[PDB]
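The opening position of the sequence shown corresponds to residue 2 in the authors' numbering, with each subsequent residue numbered one higher. Idealized CB from N, CA, C, for every residue including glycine. Each remark here refers to the structure printed beneath this line.
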Amino acid sequence: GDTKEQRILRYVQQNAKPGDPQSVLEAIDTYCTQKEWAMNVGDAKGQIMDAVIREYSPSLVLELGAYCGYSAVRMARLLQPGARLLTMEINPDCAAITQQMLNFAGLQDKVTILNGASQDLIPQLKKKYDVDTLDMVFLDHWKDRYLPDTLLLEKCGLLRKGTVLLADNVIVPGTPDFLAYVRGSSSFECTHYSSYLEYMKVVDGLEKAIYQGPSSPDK
Ligand SMILES: COc1ccc(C2(c3cc(-c4sc(C)nc4C)[nH]n3)CC2)cc1
Ligand SMILES: [K+]
Ligand SMILES: [Mg+2]
């Protein structure tokens, strides 16, 4: 009953060092570069993510779509003490892998893993996980859900002025409805970070969208 995700974790556990998040990232990256491709990894993309965390120093981060925990390790390793990552993952086996990955990296105390669908878990954050508002949201789950989960987040009052959204894969395989909305809306100040996919030979990108506050009613 062996899976690609079990193999990734196994490769880390064998080749990385426990409590060393950087060796974990490098292990995953080497594996996915040289043995078999996997979703939601990549050091080039990781550079942009790093820079965003470093610049805004969020205290509360929400990630949609943990997969194997590469991005959770990536972000949580830069979080200040007391800072927390909440990460959502719809597939229980992947949720389990993410947990073990984070444990191995030594970050399990910085991260809460939620196993469920985003539209189900997001409205529970205030009541169940003591969230007031989020400082940063990383989107890397199902692409057709970027837009409605962003609207859901706004709806639920989880966004504040200055909340950073960072969306992966907005070019490949692309999230046109999402891009059109956040760029067209006065509620988001948007920046595009291109990133080359060196082996598939194509430019992808991340979108950073800074929440500006709600659209105000007409006078
Ligand atoms: C086919 O493309 C894919 C498939 C899987 C994924 C991943 C993913 C998505 C979710 C969802 S979906 C949803 C409504 N809520 C959540 C939390 N968790 N994990 C990364 C594994 C990303 C892209
Ligand atoms: K905009
Ligand atoms: Mg991705």
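In terms of Cβ geometry, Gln81 and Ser58 form a close pair [threshold 8 angstroms]. Taken through DSSP and simplified to helix, strand or coil, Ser58 comes out as coil.
The bridge partners DSSP lists for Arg85 are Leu61. Secondary structure of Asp136 (DSSP, three-state): strand.
Taking a contact to require three or more Cβ pairs closer than 8 angstroms, the stretch 94-109 and the stretch 48-63 do not qualify as touching. In the structure shown, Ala45 adopts helical secondary structure according to DSSP, grouped into three states. Looking at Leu160, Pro149, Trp143, the one whose alpha-carbon comes closest to that of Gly175 is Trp143.
Restricted to the stretch 4-37, the alpha helix (DSSP H) segments that are unbroken, complete and at least 4 residues in length are 5-16, 22-35, listed in chain order. Around the Cβ of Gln100, a 10 Å sphere holds 16 or more other Cβ atoms; the residue is buried.
The beta carbon of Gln109 sits closer than 6 angstroms to those of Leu103, all from its chain and outside the five residues before and after it, given in chain order.
Relative to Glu90, the option among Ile123, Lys111, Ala77 whose CA is nearest is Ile123.
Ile211 is bridged by DSSP to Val165, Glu190. When DSSP states are grouped into helix, strand and coil, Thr113 belongs to the strand group.
Residue state for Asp205 is assigned as strand, using DSSP reduced to three classes.
Judged by their CB atoms, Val74 and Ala28 are not nearer to each other than the 8 angstroms cut-off. For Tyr197, the secondary structure class from DSSP, reduced to helix, strand or coil, is strand. Here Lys128 is exposed: its Cβ has fewer than 16 other Cβ atoms, across all protein chains shown, within 10 Å. Distance from the Cα of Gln35 is smallest, within the candidate group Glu199, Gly206, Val204, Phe139, for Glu199. Two segments are said to touch when three or more pairs of C-beta atoms, one from each, lie closer than 8 angstroms; by this definition the stretch 61-77 does not touch the stretch 176-191. With a threshold of 16 other beta carbon atoms within 10 Å, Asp121 falls short and is exposed.
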